[PDB]
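Presented below is the structure to which this report refers.
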Amino acid sequence: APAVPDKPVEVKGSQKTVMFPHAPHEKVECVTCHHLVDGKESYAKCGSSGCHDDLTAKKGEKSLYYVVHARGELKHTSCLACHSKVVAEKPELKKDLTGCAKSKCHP
Ligand code: HEC
Ligand code: HEC
Ligand code: HEC
Ligand code: HEC
């Protein structure tokens, strides 16, 4: 694989950018997030062309918002899906990991 980013990286939506830190995710398998595509590894940006390249819609597979924020049933684990499980076990982190405002994603 390519080297994991060693600093927070931009995740660009259509109007907001959220910084994503790899370090707290070191125990998460890369493929949880960088899931296989057509049975092959890929580490391309989630919003690249042909992937989750609808940066304005809130719903549906092509939506970057949806694959980040859906709490619902998805074929891969979303940020908010996993974080909901983490905060169940570490409730002190509820706002940090799941808040829509004043969270670590949206400070
Ligand atoms: C989800 C919790 C992740 C885990 C686990 C890993 N990465 Fe990641 N990575 C993730 C995101 C949301 C992003 C930003 C993507 C975007 O569209 O902006 C990244 C980015 C990278 C990159 C750079 C991609 C690019 O700019 O072309 C690389 C090379 C990368 N990630 C590698 C990587 C590896 C090797 C991991 C396991 C050691 C790994 N990531 C875990 C989300 C997540
Ligand atoms: C294009 C090569 C992609 C890249 C890069 C990323 N994703 Fe993706 N994703 C892609 C497809 C073709 C699909 C549908 C088939 C499948 O593998 O399930 C998905 C699916 C997801 C999902 C589930 C969506 C749903 O069930 O509606 C999630 C949560 C998801 N992808 C997340 C995700 C993230 C966070 C990515 C960057 C780290 C990412 N994908 C890259 C195609 C592609
Ligand atoms: C589980 C499979 C995860 C997925 C998918 C994502 N995150 Fe996560 N995140 C996870 C853990 C276990 C932790 C650490 C909690 C703890 O016990 O401390 C985190 C933490 C973050 C943070 C906070 C980091 C800090 O400020 O100290 C951020 C900003 C964060 N995660 C963002 C994030 C995003 C944007 C994700 C989807 C692209 C995402 N996480 C996925 C576990 C998991
Ligand atoms: C980190 C785990 C996040 C938490 C908690 C919340 N959001 Fe978020 N949000 C996150 C990312 C990685 C991004 C950028 C990628 C994308 O387009 O989704 C965003 C962006 C938004 C936006 C702007 C969308 C755009 O196209 O610019 C909105 C309006 C937004 N987020 C809403 C939102 C709400 C309502 C939240 C509480 C449920 C929330 N976010 C939490 C990552 C994270």
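By convention in this document, the chains of the structure tokens carry letters A, B, ... by their order, each chain's residues are numbered from 1, and ligands are numbered from 1 in the order they are shown.
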
Skip residue 26 (chain A) itself and residues of its chain fewer than 6 positions away, then list as a short mmCIF file (atom, residue, chain, number, x, y, z; two decimals) with C-alpha atoms, in the first residue's frame all residues within 12 Å of it, counting only C-alpha atoms.
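See result10.cif below for the written result:
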data_model
loop_
_atom_site.label_atom_id
_atom_site.label_comp_id
_atom_site.auth_asym_id
_atom_site.auth_seq_id
_atom_site.Cartn_x
_atom_site.Cartn_y
_atom_site.Cartn_z
CA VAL A 4 -0.50 6.08 5.61
CA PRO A 5 -0.72 9.90 5.94
CA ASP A 6 1.16 10.96 9.02
CA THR A 32 -12.49 -0.85 6.60
CA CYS A 33 -12.36 2.61 5.02
#

* **Test item: residues at most 9 Å from region 69-74 of chain A, only C-alpha atoms, excluding those fewer than 6 positions along its chain, as a list in words** => residues 58, 59, 61, 80, 81, 82 and 84 of chain A

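Of the residues under consideration (A:42, A:98, A:63, A:56), A:42 shows the shortest atom-to-atom contact distance to ligand 1 when counting only C-alpha atoms and all ligand atoms.
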
* To do: Name the residues, by chain letter and number, that sit within 10 Å of ligand 1 using only C-alpha atoms and all ligand atoms, and give them as a ChimeraX atom specification.
  => /A:1-6,8-13,17-35,42-48,51-53,64,68,77-79,82-83

* To do: Please give the complete set of residues from chain A that DSSP, run on the backbone, assigns to strand (DSSP E or B), formatted as a PyMOL selection string.
  => chain A and resi 9-12+17-20+37+40+54+63

* To do: Select from chain A everything DSSP, run on the backbone, classes as alpha helix (DSSP H), then give the selection as JSON, numbers by chain.
  => {"A": [30, 31, 32, 33, 64, 65, 66, 67, 68, 69, 79, 80, 81, 82, 83, 84, 85, 86, 87, 88, 89, 94, 95, 96, 97, 98]}

* **A:76, A:105, A:93, A:50 ranked by distance to ligand 4, top pick (using only C-alpha atoms and all ligand atoms)** =>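 Selected residue with least distance to ligand 4: A:105.
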
* Asked: Between A:65, A:57, A:86, A:39, which is the closest to ligand 4 once you count only C-alpha atoms and all ligand atoms?
  ->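 Of the candidates, the smallest distance to ligand 4 is held by A:65.
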
* Which is closer to ligand 4 than all the others in A:62, A:16, A:94, A:102, using only C-alpha atoms and all ligand atoms? ->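 Among the listed residues, A:16 lies closest to ligand 4.
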
* Asked: Distance CA of residue 37 (chain A)-atom 8 (Fe, counted along the ligand's line) of ligand 3, one decimal place?
  ->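 Between CA of residue 37 (chain A) and atom 8 (Fe, counted along the ligand's line) of ligand 3 the gap works out to 21.7 Å.
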